[PDB]
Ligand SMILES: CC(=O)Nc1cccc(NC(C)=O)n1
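One chain comes next, on its own, written as structure tokens: the form deposited without the named molecule.
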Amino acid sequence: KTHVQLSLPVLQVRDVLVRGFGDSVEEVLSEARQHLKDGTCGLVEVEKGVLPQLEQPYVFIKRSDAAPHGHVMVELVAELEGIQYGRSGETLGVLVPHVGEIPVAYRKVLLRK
């Protein structure tokens, strides 16, 4: 399937134990996709002071379309030193490894895979 229905645990930035997916744009996109498939991916909602508490490169989910079954359609865009690899809509949040942190909510998304 080109798209996969996922429910992403929304984590508080100060709870997150593993603050990024790796050390290159290509690695973080690879790792983010592997974690999304394995259901080991969390989402941090971006506000003032969140991104400096996470490790670059960042992986964003961005709205790719204006929502089947409640699931917003999203795609991945990485960012390293102010340059983004991808073009998409509004940020739903930044992806991080999920290693058992308690979520505050769930974000239903349809991921272009």
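In this text, residue numbers run from 1 along the sequence as written.
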item	value
Deposited-sequence gap flanked by residue 66 and residue 67	1 to 3
Which of 85-93 and 14-22 has higher mean CA B factor, as the PDB entry lists it	85-93
Of 51-59 and 68-76, the one with larger mean CA B-factor	68-76
CA B-factor placement of residue 44, once the chain's modelled residues are sorted into thirds	lowest
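What comes next is about the form deposited with the named molecule bound, which does not appear here.
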item: Steric status of site, the named molecule superimposed as seen in the bound PDB entry, threshold 2.4 angstroms to backbone or C-beta; value: open
item: Selected contact from 46, 36, 77, 72, since only one has a non-hydrogen atom within 4.5 angstroms of the named molecule in the bound PDB entry; value: 36
item: Partner proximity in the bound PDB entry: residue 113 to the named molecule, non-hydrogen atom cutoff 4.5 Å; value: yes
item: Residues from 1-29 in contact with the named molecule (non-hydrogen atom within 4.5 Å) in the bound PDB entry; value: 4, 6
